[PDB]
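Participant: Quick one: the structure is below, questions incoming.
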Amino acid sequence: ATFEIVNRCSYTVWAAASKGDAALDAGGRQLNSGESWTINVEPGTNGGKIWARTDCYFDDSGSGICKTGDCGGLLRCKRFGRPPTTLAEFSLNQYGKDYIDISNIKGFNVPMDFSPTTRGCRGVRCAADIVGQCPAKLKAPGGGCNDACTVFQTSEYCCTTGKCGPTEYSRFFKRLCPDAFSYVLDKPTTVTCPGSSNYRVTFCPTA
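Reading the sequence shown from the start, the letters are residues 1 to 207 in the entry's author numbering.
Structure follows, in structure tokens:
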């Protein structure tokens with residue numbers, strides 16, 4: 001499937017795409033304001049994520065570090081990144097359908113729109129100024145707004161053991177972006193699309 005990744009932000013971002021134990025396509029790439037990157041994602045991919053990384057630097061070797069979403073110091077991501085990271089999540093060709101969603105379960109760093117470029121389903125977007133309204137305890141020193149589990153690391157926040165409900169910190173994300181998961185047990189905000197759809201992930205959407 002084709003995923004078009006577009007950086008409409010005023011700042012540069014380093015896009016990343018991985019399935020957890022491998023890169024998707026080249027796995028990562030710098031994206032100056034205005035640039036786009038078209039990747040190919042194998043059908044059948046389950047558990048894929050796309051995210052943006054901010055404030056990175058790398059050497060000629062592709063080794064370095066990012067302030068948000070670092071994936072083990074690499075430019076070309078093989079694994080998932082460190083929070084806070086707004087996430088575009090997808091599982092494709094699962095019994096004939098594609099399932100997509102945006103999650104704030106690992107915090108938020110950059111606003112995002114995740115929409116199909118094919119017919120048959122709606123997109124999801126989280127573009128409120130979450131960073132700007134982020135509760136004091138959640139603010140990431142490197143920028144971004146952490147989720148509460150990352151910060152507090154307690155069952156109440158992590159759902160370490162099934163039982164968990166919303167908290168004031170989850171509700172904060174939820175209020176600002178109702179279409180994105182705000183906690184593990186949040187009521188699903190996943191969109192079902194026809195199998196083999198194509199998508200566009202835009203950072204800092206304007207519409």
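Just so it is clear, CB atoms sit at the ideal spot from N, CA and C, and this is done for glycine as well.
(1) Could you spell out the range, first to last residue, of the alpha helix (DSSP H) harbouring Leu176?
(2) Check whether the Cβ atoms of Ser18 and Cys71 sit closer than 8 Å, and answer yes or no.
(3) For the beta strand (DSSP E) that contains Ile50, what are its first and last residues?
(4) Relative to the alpha-carbon of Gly44, which residue among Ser36, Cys56, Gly195, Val201 has its alpha-carbon at the smallest distance?
(5) Beta carbon of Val124, beta carbon of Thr189: below 8 Å?
(6) Can you name the residues that DSSP bridges to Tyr99?
(7) Would you say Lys78 and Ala23 are within 8 Å of each other, going by their C-beta atoms?
(8) Whose C-beta lies closer than 7 Å to the C-beta of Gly96 among residues of the same chain, with five residues either side of it excluded?
(9) For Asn40, list the residues DSSP reports as bridge partners.
(10) Within the same chain, show all residues whose beta-carbon is closer than 8 Å to that of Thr160, passing over the 5 residues directly before and after it, in chain order.
(11) What are the residues that DSSP puts in a beta bridge with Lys139?
(12) Alpha carbon to alpha carbon, how far is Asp25 from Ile5?
(13) Check whether the Cβ atoms of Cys9 and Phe203 lie closer than 8 Å to each other.
(14) Helix, strand or coil for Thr68? Go by DSSP, reduced to three states.
Facilitator: A quick look at the data gives this:
(1) Residue 176 sits at position 176 when you count from the first residue of the sequence shown. Per DSSP, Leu176 belongs to the alpha helix (DSSP H) from 168-176.
(2) On the sequence shown, residue 18 is found 18 positions in, with the first residue counted as 1. On the sequence shown, residue 71 is found 71 positions in, with the first residue counted as 1. Cβ distance < 8 Å, so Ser18 and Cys71 count as in contact.
(3) Looking up residue 50 in the sequence shown gives position 50. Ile50: member of the beta strand (DSSP E) spanning 48-58, first to last residue.
(4) Residue mapping note: residue 44 aligns to position 44 of the sequence shown, counting from 1. Considering only alpha carbons, the answer is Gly195.
(5) To locate residue 124, count along the sequence shown from 1; it is residue 124. To locate residue 189, count along the sequence shown from 1; it is residue 189. Taking 8 Å as the Cβ cut-off, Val124 and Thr189 qualify as a contacting pair.
(6) If you number the sequence shown from 1, residue 99 lands on position 99. The partner list for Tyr99 (beta bridge, DSSP) reads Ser91, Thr192.
(7) Counting from 1 along the sequence shown, the entry for residue 78 is found at position 78. Counting from 1 along the sequence shown, the entry for residue 23 is found at position 23. Yes, the pair counts as a contact, with Cβ atoms nearer than the cut-off.
(8) By 1-based counting over the sequence shown, the position of residue 96 is 96. So the qualifying residues of the chain are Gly195.
(9) In the sequence shown, the residue the question calls residue 40 occupies position 40. Beta-bridge pairing links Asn40 to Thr2.
(10) As a working mapping, residue 160 is identified with position 160 in the sequence shown. Closer than 8 Å at Cβ, skipping near neighbours: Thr154.
(11) Along the sequence shown, read from residue 1 onward, the residue named residue 139 stands at position 139. For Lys139, which the question treats as bridged, DSSP gives the partners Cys145.
(12) Here residue 25 is taken as the residue at index 25 of the sequence shown, counted from 1. Here residue 5 is taken as the residue at index 5 of the sequence shown, counted from 1. Those two C-alpha atoms are separated by around 12 Å.
(13) Stepping through the sequence shown from its first residue, residue 9 is reached at position 9. Stepping through the sequence shown from its first residue, residue 203 is reached at position 203. Against a cut-off of 8 Å, the Cβ pair of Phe203 and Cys9 comes out as a contact.
(14) Mapped onto the sequence shown, residue 68 falls at position 68. Note: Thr68 maps to strand in three-state DSSP.
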